[PDB]
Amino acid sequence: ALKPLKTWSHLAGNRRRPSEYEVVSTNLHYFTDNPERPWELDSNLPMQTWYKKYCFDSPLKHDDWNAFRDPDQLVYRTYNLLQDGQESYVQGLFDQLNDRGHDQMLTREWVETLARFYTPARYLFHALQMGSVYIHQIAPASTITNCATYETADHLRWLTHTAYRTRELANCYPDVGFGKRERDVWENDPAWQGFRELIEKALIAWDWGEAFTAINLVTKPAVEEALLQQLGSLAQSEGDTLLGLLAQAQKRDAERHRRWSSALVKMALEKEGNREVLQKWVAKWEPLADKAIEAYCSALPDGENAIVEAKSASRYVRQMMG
């Protein structure tokens, strides 16, 4: 008869005692059990074809994607403990900066810059949310999926901060159009068209490997450097201590996404040919990111400098991954 183990049978002989993270996250997807018929139905259904083409047939390869491990080892339980603390901080900032009338002290010029450059990001942030939730459903391992899961929740977090602040700004400056105009700015303003073209096209890159690359490796670093880093620094220098601190807080989530993305690339580089596959996707998408950064930052004060810094910092993210 079979004797009981001290851990899950798939983790047996793991050497060291399995952590809570490994216990709850590993080897959970079952659609990868039968590559020729992932789902328990007719093998010709559209979804069968979708996973075979965009998951199984991807040019990013490994023999054991399930070996991937999130460097932050995020679990649901710890994700909520972490973010509940971070939200207590952000909520406190909102509450107390409101108490001292922070918004009433902004210059008219800065308020107009916010209407153009800031509020409309609720569209870009939600697009990132959709972008990462797609990675969630097409990745080949549960440990990879979870990272995308929490990343998606973070994107919704930014969207939410943005929605909240848009309301406060509208209340303080009802004539600016905060809350009403964002869609028209996102759709029409030349400052946003680079980012809009980039994310719209990236949202239809179905291959899990290309989605990971287009979203995580190319688009997010460009959005983060432009909207959080550059706009955030500008905010501070313009007297908007709130946006300056908010952007820095959201950057913490972005740093975490870069950490797991970096670990996945590191694992992919264990196999010959993946470096080239990834660099090929980066060369395809990078030009749209440059375009996004250029159109957005050039419209900001001292744009030429902001552009160089954003281009430099975003590229550095990938350079340090090899």
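Throughout, we count residues from 1 along the sequence that is shown.
Peer 1: For the C-alpha atoms alone, is the average B factor greater in 160 to 168 or in 236 to 244, going by the entry?
Peer 2: Stretch with the greater average CA B-factor: 236 to 244.
Peer 1: So 201 to 209 or 99 to 107, which one's hotter by mean CA B-factor in the entry?
Peer 2: Per the PDB entry, the higher value belongs to 99 to 107.
Peer 1: Can you pull the Cα B-factors for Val176, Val133, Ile144, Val185 from the entry and say which is highest?
Peer 2: Of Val176, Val133, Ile144, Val185, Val176 has the highest C-alpha B-factor.
Peer 1: Tell me which of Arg77, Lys180, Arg116, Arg252 tops the list for C-alpha B factor in the record.
Peer 2: In this record, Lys180 carries the highest C-alpha B-factor of the candidates.
Peer 1: Could you tell me which third, lowest, middle or highest, the C-alpha B-factor of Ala289 occupies within its chain?
Peer 2: Its C-alpha B-factor belongs to the middle third of this chain's values.
Peer 1: Using the B-factor values recorded in the entry, state whether the Cα atom of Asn274 falls in the lowest, middle or highest third among the modelled residues of its chain.
Peer 2: It falls in the top third of the chain.
Peer 1: Just say lowest, middle or highest third for the CA B-factor of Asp57 relative to the other modelled residues in its chain.
Peer 2: Middle third - that is where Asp57 ends up once the chain's C-alpha B-factors are sorted.
Peer 1: Can you tell me whether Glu40 has a C-alpha B-factor in the lowest, middle or highest third compared with the other modelled residues of the same chain?
Peer 2: Ranked within chain, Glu40 CA B lands in the lowest tercile.
Peer 1: Against its chain's modelled residues, does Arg69's Cα B factor rank lowest, middle or highest third?
Peer 2: For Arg69, whose C-alpha B-factor we compare with every modelled residue in the chain, the answer is the middle third.
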